[PDB]
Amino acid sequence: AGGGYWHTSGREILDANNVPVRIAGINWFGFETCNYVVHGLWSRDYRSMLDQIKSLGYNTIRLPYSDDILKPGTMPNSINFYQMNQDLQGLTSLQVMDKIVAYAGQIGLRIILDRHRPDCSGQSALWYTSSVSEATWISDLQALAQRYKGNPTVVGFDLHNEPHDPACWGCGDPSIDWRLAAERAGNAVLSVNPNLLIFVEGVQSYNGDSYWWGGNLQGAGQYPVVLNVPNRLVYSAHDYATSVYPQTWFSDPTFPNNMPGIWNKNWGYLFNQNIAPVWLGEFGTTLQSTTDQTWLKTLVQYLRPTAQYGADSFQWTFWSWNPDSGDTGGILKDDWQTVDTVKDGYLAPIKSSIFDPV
């Protein structure tokens, strides 16, 4: 399944033939950093990497980028061209992105572009900064939309990575109301290609209640994002364990029984109530503590195993494929070749199937 551009129907995503599909993928970061390209191409051929992602059973790649790669002549700076990647030589970050998107389509994978950082220096709480205005943000989203218009390999956009304090959901103040910003951006994107799915993340605090950046969608029920083209919206949340931040609910004595309460509250309810599909965009852990291992086992079950629920479940993209992620580690090990079959083992009940070639 997976043919053509997708659309929502209740809490599910459906391909063009109306067959339900499930995004069960991985994050492959690099384009958002100051290397201006996905990491690991210093040890592997990109195609050999894409083929291995497919082999492990992952069907979608969330590809983080920063507005820097849209500046004229921006080139990658961490690729090795000996006996590999010979065709990426002399190409700009964008042209290298076109190659990755193209091969991914052919082998049956899909891509979701994620505006991870305003610039390669770091993330931002708001969707704009003094150096990267809101208009650049929108022009850039429209440019990428235009660039891949007609190639269903790119199924949709993750508007802004991890909006957080001081951002608000529904407060009505245009300078911090992420809810209004997402509609503003989403509608600009849909004006270029109205078949793209629009993935909108949450904030951090809502009603004095704090949660992971990008994961607080508590205001969504009361203050929905409303787009010009219906059945394109998918809410998104992020959730992590102690390897990232020793949140307090991990110290709760009833842990992990308290978890589904937290999850239901902040994002699950949109799914449970069949309002719209929900995508856990980032989640990972080094699995060093027994707590993260229990957290992962628990969470994997909450997201609904494919054997039981099929496509009527939560969409997900784990973090990350890269082994060079500070406090989460990744599926590959430090050699960019050996799989961490153990961590990979936990995600098995929620993996789905590879899509149709594009």
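Note that residue numbering follows the sequence shown and begins at 1.
As listed in the deposited structure, the average C-alpha B-factor of 295-303 and of 62-70 is greater for 295-303. In this entry, 128-136 has the higher mean Cα B-factor, the comparison being between 193-201 and 128-136. Of the candidates 308, 322, 48, 315, it is 308 whose Cα B-factor is highest according to the PDB record. By the numbers in the PDB entry, the CA B factor is greatest at 209 among 209, 114, 162, 282. In the PDB entry, residue 172 places in the middle third of its chain by CA B-factor. Among the modelled residues of its chain, residue 122 has a C-alpha B-factor that falls in the middle third, as given in the PDB entry.
Residue-level temperature factors show residue 261 in the highest third of its chain, judged at the C-alpha atom. Placement of the Cα temperature factor of residue 214 within the chain: lowest third of the modelled residues, per the deposited record. The entry lists a Cα temperature factor for residue 276 that places it in the middle third of the chain's modelled residues.
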